[PDB]
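Peer 1: Sequence and experimental coordinates follow.
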Amino acid sequence: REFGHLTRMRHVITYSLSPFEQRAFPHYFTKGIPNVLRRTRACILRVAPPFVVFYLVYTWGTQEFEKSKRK
Amino acid sequence: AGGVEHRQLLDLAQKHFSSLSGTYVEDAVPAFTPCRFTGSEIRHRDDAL
């Protein structure tokens, strides 16, 4: 696995700019803030509902531990 | 260049080229916009060559 022996490709053109010709910080809060809100919305219904059920079991488990030692 | 006399070429230039327009209609200076250099690259990938 060396660089000129990897795969076969035809009819593809790429254009690039030098790092000394561009800004290292482009649009940061103009593009970046609405981008990290799209990514948060796209994954919130998959990750979060398991950790809500851990919270409800934890509260029921510490409260029914203290309503056993009381009288 | 070659077997030419300069006096002969000058009189042939006055006979055939003198009706060229010297100064022009409104004759504005031909503007020269310079051009800048940009460090960059372009890659065209074609493995069949």
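Peer 2: Happy to help now that I have it. Residues are numbered from 1 along each chain as shown, chains lettered A, B, ... in the order given.
Peer 1: who in chain B is up against chain A?
Peer 2: Counting by Cβ under 8 Å from any Cβ of the partner chain, the residues of chain B lying close to chain A are B:38, B:39, B:40, B:41, B:42, B:43, B:44, B:45, B:46, B:47, B:48. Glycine gets a C-beta too; all of them are placed from N, C-alpha and C.
Peer 1: Repeat the analysis, applying 6 Å as the threshold.
Peer 2: Taking Cβ under 6 Å from any Cβ of the partner chain as the contact definition, chain B meets chain A at B:39, B:40, B:41, B:42, B:43, B:44, B:45, B:46, B:47.
Peer 1: Let me have the residues you listed in JSON lines, extended by secondary structure.
Peer 2: Conversion of those to JSON lines gives the following (DSSP: H, G, I helix; E, B strand; the rest coil):
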{"residue": "B:39", "secondary structure": "coil"}
{"residue": "B:40", "secondary structure": "strand"}
{"residue": "B:41", "secondary structure": "strand"}
{"residue": "B:42", "secondary structure": "strand"}
{"residue": "B:43", "secondary structure": "strand"}
{"residue": "B:44", "secondary structure": "strand"}
{"residue": "B:45", "secondary structure": "strand"}
{"residue": "B:46", "secondary structure": "strand"}
{"residue": "B:47", "secondary structure": "coil"}
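Peer 1: what are the ranges of the helices in chain A?
Peer 2: With helices called from DSSP state H, chain A shows them at A:32-69.
Peer 1: Going by proximity to chain B, name the top residue of it.
Peer 2: Chain A approaches chain B most closely through residue A:18 (3.5 Å), counting by Cβ to the nearest Cβ.
Peer 1: My guess is that residue contacts residue B:39. True?
Peer 2: Yes. At 3.5 Å, residue A:18 counts as touching residue B:39 under the criterion of Cβ atoms under 6 Å.
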